[PDB]
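Below sits a lone chain in structure tokens, taken as the form deposited in one PDB entry.
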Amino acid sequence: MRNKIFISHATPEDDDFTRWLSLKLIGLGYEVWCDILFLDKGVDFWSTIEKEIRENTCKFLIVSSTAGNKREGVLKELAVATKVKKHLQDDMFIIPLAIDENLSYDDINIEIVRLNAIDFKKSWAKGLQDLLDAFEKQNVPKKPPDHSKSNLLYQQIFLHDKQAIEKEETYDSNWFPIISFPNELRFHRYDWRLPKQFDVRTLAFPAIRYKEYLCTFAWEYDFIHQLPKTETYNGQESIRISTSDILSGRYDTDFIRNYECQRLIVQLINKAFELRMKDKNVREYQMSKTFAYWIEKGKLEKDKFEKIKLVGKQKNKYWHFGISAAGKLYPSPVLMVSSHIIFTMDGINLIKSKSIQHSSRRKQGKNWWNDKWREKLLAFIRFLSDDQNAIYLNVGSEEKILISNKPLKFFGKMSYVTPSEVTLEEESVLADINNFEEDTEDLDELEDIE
């Protein structure tokens, strides 16, 4: 019965490296013999060294360092290891270990040249796993008879992943760019034709009172239904600006700066959306700065749009998905869309209290996950559209703005492996962990929720 592991290193050097490897091996479930621990001072060495070399050991390990290169005990143990290796006919009996990088591959004695060296140079964890990968010293610990295997498997087999991997994967974002930007941004210098008490909110087309100018997107002869004062205004007074120069920043005039041009354009594109989206008869929930929009019961059939559910029911509340869009211009002509989710009690009116809404939102957070979010958002975007590749914006009676309904897609050079679905349960467990760590004045709303 030979089941011991022999470690040979410089007496006063590598005591750390040896004692570490040494212990770690005894904690992994291996019987390991070392000078520092088992051969404590007060015992004889050489007779015992010969005894467990020729009777009890099964794997020989030498720590090759500059200090241990010419230490006498190291090559004495190496000579007895070579003798016992010839005795028990095992060409893999000596497993060398390398710690010192300053030495070359020929400075060590000729006994270590014949055999491969386990890479312990830059780090010791990969060296430990390379030592474990060796035959006759495999992951099976010393042929374990009875027990004490749960701790070691919990260490080794359940903590396998340490590095990364390379694979190509495709992600789609939440952004939606504008396809065909309109040619002309129109300014109407109404001057005395705009009453002082009139309100920009009321008109059915985008507009900004810019000093004495009204900066709109459509013609000047489409506001006839709300004031009869337009027909005295001639179109040659109104000025026109091509959007290419203000998109490229080339348009530099004292009237409107380039960043002021961008700010005006983004304000009217935001206004133009709400308007059309509102013209699409979809309901409306108040938010702090933007507005929330949700689908009511009875419009979407089967709770299925492109094989994706959008509405739902749990406990005694119905939940409706939604969005809130706001564009920008700096990286691309792109309109963003943010994901929102609004609940109700019977599908007609909303909750009276916002705290109930926030509580029920975070209650519904853990129920689903990323693919469901993407499915609901994409189904919402395709339901908002009427064509197949854009969205028709009711910007004017002649000019439409087309925005890419397909979200922008990117690709990644590096990725990871796809595991089973147990890690989703681990992520909901982590949600419960964040429940267990942070909490502040939660008693009153929990008591009042019933």
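Definition used throughout: the rigid core is the maximal C-alpha set that superposes within 1.5 Å between two forms. Residues carry their position along the shown sequence, with the first being 1.
From this point on, the text means the form deposited in another entry, which you will not see here.
Out of 325, 264, 94, 378, I need the residue that shifts by 2 angstroms or more at the Cα between the shown form and the other one, core superposed. Spelled out, the residue whose C-alpha shifts by 2 Å or more is 94.
Would residue 413 count as moving between the shown form and the other one, using a Cα shift of 2 angstroms or more after superposing the core as the test? After core superposition, the displacement of the residue 413 C-alpha between the shown form and the other one stays below 2 Å, so no.
If I superpose the two forms on their rigid core, does the C-alpha of residue 130 end up displaced by 2 Å or more between the shown form and the other one? Yes, shifts by 2 Å or more.
Taking the rigid core as the reference frame, is the Cα of residue 161 displaced by 2 Å or more between the shown form and the other one? It does, since the residue 161 C-alpha is displaced 2 Å or more between the shown form and the other one after the core fit.
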